[PDB]
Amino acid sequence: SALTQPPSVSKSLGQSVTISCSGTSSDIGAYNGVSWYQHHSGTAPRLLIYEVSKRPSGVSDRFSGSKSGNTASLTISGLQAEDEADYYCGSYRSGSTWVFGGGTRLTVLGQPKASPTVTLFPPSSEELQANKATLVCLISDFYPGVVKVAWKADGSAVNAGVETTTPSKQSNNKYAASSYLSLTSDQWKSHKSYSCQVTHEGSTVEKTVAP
């Protein structure tokens, strides 16, 4: 906070969006010094714009910036999937400090539907010696980023022992997620088959492992 941005904006592929940044007369309105920053999950913030409208070499044409009074604006044209990120404005403030905006999370809508590939692994022999068994179900290449996972043991639903991650974007702009079934070696060996079932957009993939 202290500089105000919309929490999120959503636009379709190809369209253009504007991200605003409301500050004060000691900041945005005091200097020609608002910068913008692109922040992809996992890497450091990348400078997009400095001194209100300047682009560093290497930042695309589609990114532009301006300001009017105490409000600065960032405009992205020709929105692509890759543009999905958190975007921050910031500025020098009188008294020699620095303040960021709260950040805007950009979603880009209209991307192609992709069903997940599902990779299920049995516990290792080594882990089974230690009397525990972890089934690893890796879910990849899906869009949109929402799946429901269910585990079965000889056709019977399992609820305990299960932890599933929130979908996260791969380099190729599709989504990945994993689900884990934590068992004891006793449990694992006493069933004939375990199954990992992933439902995406009304369709289900099922992989099975066996002792």
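Note that residue numbering begins at 1 and tracks the sequence as displayed.
*Asks:* Please compare 53-61 with 28-36 and say which has the higher mean C-alpha temperature factor in the record.
*Replies:* So the stretch with the higher mean C-alpha B-factor is 53-61.
*Asks:* What stretch has the higher average Cα B-factor here, 138-146 or 164-172?
*Replies:* Between 138-146 and 164-172, it is 164-172.
*Asks:* Sorting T117, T104, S125, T107 by Cα temperature factor from the record, which one lands on top?
*Replies:* Highest C-alpha B-factor among the listed options: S125.
*Asks:* For the CA B factor values reported in this entry, which option in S195, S16, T199, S20 has the top one?
*Replies:* Out of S195, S16, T199, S20, the record gives the largest C-alpha B-factor to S16.
*Asks:* Against its chain's modelled residues, does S203's Cα B factor rank lowest, middle or highest third?
*Replies:* Lowest third, going by the recorded CA B-factors of the chain.
*Asks:* Please rank the C-alpha B-factors of the chain's modelled residues and tell me whether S8 sits in the lowest, middle or highest third.
*Replies:* Within its chain, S8 is a middle-third residue by C-alpha B-factor, going by the deposited values.
*Asks:* Would you mind ranking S178 by its C-alpha B-factor against the rest of the chain and naming the third, lowest, middle or highest?
*Replies:* Its C-alpha B-factor, which the entry lists for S178, ranks in the lowest third among residues of this chain.
*Asks:* Would you check the entry's CA temperature factor for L79 and let me know if it's in the chain's lowest, middle or highest third?
*Replies:* As the PDB entry reports it, the C-alpha B-factor of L79 lands in the middle third of its chain.
*Asks:* Tell me, lowest, middle or highest third: where does the Cα B factor of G90 rank within its chain?
*Replies:* Its C-alpha B-factor belongs to the lowest third of this chain's values.
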